[PDB]
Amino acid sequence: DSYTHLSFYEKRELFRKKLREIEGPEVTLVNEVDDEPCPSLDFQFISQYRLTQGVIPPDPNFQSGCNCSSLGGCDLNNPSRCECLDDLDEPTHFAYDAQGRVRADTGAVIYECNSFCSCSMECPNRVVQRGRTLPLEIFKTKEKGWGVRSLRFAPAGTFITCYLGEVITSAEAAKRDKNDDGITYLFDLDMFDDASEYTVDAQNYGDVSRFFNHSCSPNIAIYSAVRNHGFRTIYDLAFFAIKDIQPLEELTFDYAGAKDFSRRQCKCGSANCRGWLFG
């Protein structure tokens, strides 16, 4: 981190050099509030999880693929045939629809096809794997720092992006809970109480979802996308829009869950806004 001999426009263009190398739809940067050039320039963008020491990665020996049609992928009309859907143990509907959007009735866990499946990459049940489709604008908010807004229309259920970063153990995460400014990038992989144990930190590496700001009335939510259905320790943290989003609307998600029956000031301005995200 030198960035002292770099000017305003030089720093902004360096950050945009980082952005233009991001895989997929373009990610851009605008500032309509203050004269800050860009977010921290030490940050490096990554396209997938960066596991660290002491993080047991998914063992592929416990992974099993379906044998649905290789041409058209698995058919959403016949979910019983799909072997990698026999783990939900319910009416057993595919998480997505024909249009690739998650269903409004689908639960919080997504079971997707893996390498062992015979279906192609165009399979209807590989939405998170295919990657981002929405161009996102990183913009300076007025009371929350940087944030992300969408540029094109996104219907409810549309996939957005994965929360990426360094996957670290509970010990390493407990060592780096320095939040030295109301600044936190720790996302606990606490979707399953029986596994947990891991946390994705976006402080130094991560995705554009790292700029997603908390809201007590969000428009997007987080889903656990699973490719090795056996393992529940490491999995994709996919962001899906649960509300219809117009262009230029900031993408926000709740930093916690419903938790019913069980900086520090929140500047989201919601009707149900408790003054702290505590997250």
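Counting begins at 1, following the sequence as shown.
Unmodelled stretch separating residue 262 from residue 263: 10 or more residues (count of deposited-sequence residues without coordinates). Where coordinates are absent for parts of the deposited sequence, a chain break appears; between neighbours residue 179 and residue 180 it spans 1 to 3 residues. Taking the mean C-alpha B-factor of each stretch as recorded, 151 to 159 and 83 to 91 are not equal, and the higher mean is that of 83 to 91. On average the C-alpha atoms of 268 to 276 have higher B-factors than those of the other stretch, with 4 to 12 and 268 to 276 being the two compared.
When the C-alpha B factors of 134, 74, 189, 174 are read from the deposited coordinates, the top value falls at 174. Ranking 112, 201, 105, 207 by Cα temperature factor from the entry places 105 first. Sort the modelled residues of the chain by CA B factor and residue 142 lands in the highest third.
The deposited CA B-factor of residue 169 belongs to the middle third of values across its chain. Per the PDB record, residue ranking by Cα B-factor puts residue 216 in the highest third of the chain. In this PDB entry, residue 122 carries a Cα temperature factor that places it within the lowest third of its chain's modelled residues. In the deposited entry, the Cα temperature factor of residue 244 places it in the highest third of its chain's modelled residues.
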